[PDB]
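The chain below stands alone and is given as structure tokens, in the form deposited in one PDB entry.
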């Protein structure tokens, strides 16, 4: 079976709150996949990129977190949290 972007986003958001980053990434990736396939949906791609970049960083993959952050800002240059995450990730990696 498979989840819509909406249901996988719901699942990933719960995982996020609790604070299960592996499952936040697994479920947010499913949302992303559904959206890129052209699923009609209320959920938006920057929102999933928001949770996904964070879930990935928490598991130690800064390279991916930064790439997803840059993908996010490509779609939304003015995103507040992602602009800060850009600076924040780059700071960690520079160490």
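Positions refer to the first chain, counted from 1.
Visitor: With respect to the recorded C-alpha B factors, which stretch has the higher mean value, 53-61 or 32-40?
Guide: Between 53-61 and 32-40, it is 53-61.
Visitor: Averaging the C-alpha B factors as listed in the entry, name the stretch that ends up higher: 62-70 or 22-30.
Guide: Between 22-30 and 62-70, it is 62-70 that shows the higher mean C-alpha B-factor.
Visitor: Per the entry's values, where does residue 75 land by CA temperature factor relative to the rest of its chain, in the lowest, middle or highest third?
Guide: Within its chain, residue 75 is a highest-third residue by C-alpha B-factor, going by the deposited values.
Visitor: Sort the modelled residues of this chain by their C-alpha B factor and say whether residue 89 lands in the lowest, middle or highest third.
Guide: Within its chain, residue 89 is a middle-third residue by C-alpha B-factor, going by the deposited values.
This protein has a second form, the form deposited with a partner chain bound, left out of what is shown; the following refers to that one.
Visitor: Flag residue 50 as yes or no: does it have a non-hydrogen atom within 4.5 angstroms of any non-hydrogen atom of the partner chain in the entry with it bound?
Guide: Looking in the entry with it bound, residue contacts with the partner chain include residue 50, since a heavy atom lies within 4.5 Å.
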